[PDB]
Number of protein chains: 2
Amino acid sequence: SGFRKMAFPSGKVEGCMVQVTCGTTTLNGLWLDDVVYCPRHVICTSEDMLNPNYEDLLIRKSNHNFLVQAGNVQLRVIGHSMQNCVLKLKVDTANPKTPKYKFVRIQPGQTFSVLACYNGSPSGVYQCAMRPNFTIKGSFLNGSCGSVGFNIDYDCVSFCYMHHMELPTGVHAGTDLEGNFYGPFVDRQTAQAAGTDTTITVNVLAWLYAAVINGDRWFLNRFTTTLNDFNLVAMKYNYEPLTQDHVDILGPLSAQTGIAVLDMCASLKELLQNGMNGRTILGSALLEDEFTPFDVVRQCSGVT
Amino acid sequence: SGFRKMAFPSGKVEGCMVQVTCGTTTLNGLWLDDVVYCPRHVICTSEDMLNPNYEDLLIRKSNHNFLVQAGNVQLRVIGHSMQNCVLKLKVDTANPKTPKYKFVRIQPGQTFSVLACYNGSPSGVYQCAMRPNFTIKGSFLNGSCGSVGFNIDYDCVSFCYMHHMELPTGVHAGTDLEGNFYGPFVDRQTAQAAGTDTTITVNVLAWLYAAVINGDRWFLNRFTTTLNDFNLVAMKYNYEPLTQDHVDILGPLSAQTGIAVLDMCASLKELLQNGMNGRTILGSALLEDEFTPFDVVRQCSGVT
Ligand SMILES: *CC(=O)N1CCN(C(=O)c2ccc(C)cc2)CC1
Ligand SMILES: *CC(=O)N1CCN(C(=O)c2ccc(C)cc2)CC1
């Protein structure tokens, strides 16, 4: 019993983190096989960041200008290329600690663990969600860029995020491991405003299911609703619309608890309309939306 | 910028987790040097748990009855002893992945990371606090016992907790790594009620400082108070009394923000008296008390 914001064990990713220095900028790199992945803005002066031409900046850089350090041992860079907003540095040594891995581009609402790193060394791990506006709310200081987000399926690390940017609003933007930004963001120190940060409805429902499983039930009501009726209320409260796909994904939690998805929707509706009245659910006074249905099943079943 | 409930990177601890089986009970063990530490109730039948005499139960057990598996390789048990509520199994192989480590007994209010494990395999990591009533609010299923809590200071893992027990209220009880329970709890399936779960005042203040550092300031007021006046309000709201020791520990956060500790106390006082009025601080609608002053300095400075 008990339900916690739970990150993946980070060890597999800890074994991939390196320091990348180009001139005066030190960032984090991800070492998989004989390739080190890092944000391309490693090549920028602070001045460069205001309006960089990465292709032009990169011409002035050689293999030997990229200083790659894994623990306190230097890696020999034998190649470099730019793919979208990441650099791939080819090194002469396969990372011996390379886990089985994949690069995945996640959808808004999907959760992942971040291994926050500084100078190629892990400081902490926490759980995030890709917001519907393609920002994440992280904990990232200067030097944290190149820190990665990931999921694990038993033995296979799926890398989904690399940290590149803090917006003036102190929310975070980054790329998948092909160097494509989530959302409309660019690796330039220019005013970029985030869109509406809507609540991830399917994640709130999964977390209400988690609450019932863990004994928090005060919010279960006598009502049901329809997808259309629920969606009118969701719109009004800046909740993402719920689709039949979401209902299908919640099926297993519905089955385990015996609470029809649309009944839980009606409970969420009354909570939106009535508030919490000073009460808590799983130690929270607001509706949590950074647990996926899969996250709730995993934590409630004890997958390793 | 951004402030997250952050766990230590778990890799150093992942390398210490083993499976312990005695008869039909499988739990987790911690392998440090040539010793495996596990909850002594590994030797109990479900029947035994109602009123076990551990010394008497242990007489019926030999080295070869303790099945210790690290990954998919069996360890040879060459000795066993009971220390308080833990077993120490001597094995013929030093754990090659043994980190620098210490056993520490933490105080109420202190935070730590839990590596939740099942069958010696990591499922997740999350951040906890020893509650003032010596429970923790964890996420622990059957098979999770022997999972450990820890802090890291650069290279040295300080183990502070081993999981043993869920109370009928679905809160958690365990031991330090000498096998001494936190609080008055016993490893017996009997009614044990937790005391008052008071709010860790010094931790709420540290987190209000973290909020100011991260730009959340709406709650800063025009008022100050005294330790005595603040403490009258704390008592009324089931907050732990604040001592000069707590004020001293908050000194660095006071210095960085330029907000006198007693001014922040007056802000916390108005929040207690007035509530949040539907507003949030660092994405929370209640006052968070599972960040220590040290935790706030660490996360805000990016220690590795
Ligand atoms: C993403 C990241 O970690 N970066 C990029 C932004 N950044 C700076 O431009 C910067 C340069 C120098 C100093 C003192 C602070 C910030 C920090 C690194
Ligand atoms: C602490 C822990 O993980 N335990 C101890 C309590 N426990 C049981 O007694 C138990 C036995 C058998 C079954 C099916 C469930 C629970 C679980 C293990």
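Each chain gets a letter, A, B and so on, in the order the sequences are listed, and its residues count up from 1. Basis for what follows: all heavy atoms, side chains included, without hydrogens, waters or symmetry-related copies. For ligands, and for the atoms within them, numbers begin at 1 and follow the listed sequence.
Using a heavy-atom distance under 4.0 Å as the criterion, the protein contacts of ligand 2 are B:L27, B:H41, B:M49, B:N142, B:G143, B:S144, B:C145, B:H164.
The list of side-chain hydrogen bond (donor to acceptor under 3.5 Å, both in side chains) pairs with a residue in residues 57-67 of chain A, not counting sequence neighbours, reads A:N63-A:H80.
Under the ring pair (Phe, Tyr, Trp, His ring centres under 6.0 Å) criterion, B:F181 pairs with B:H164, not counting sequence neighbours. For A:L167, the side-chain contact (heavy atoms from CB on, under 4.5 Å) test picks out A:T135, A:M165, A:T169, A:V171, A:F185, A:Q192, A:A194, with sequence neighbours left out.
Aromatic ring orientation, A:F140 versus A:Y126: perpendicular (interplanar angle above 60°, classes split at 30° and 60°). Between B:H172 and B:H163, the angle of the ring planes goes over 60°, which puts this pair in the perpendicular group of the 30/60° scheme.
Counting only heavy atoms from C-beta outward, the side chains of A:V42 and A:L87 approach each other to under 4.5 Å.
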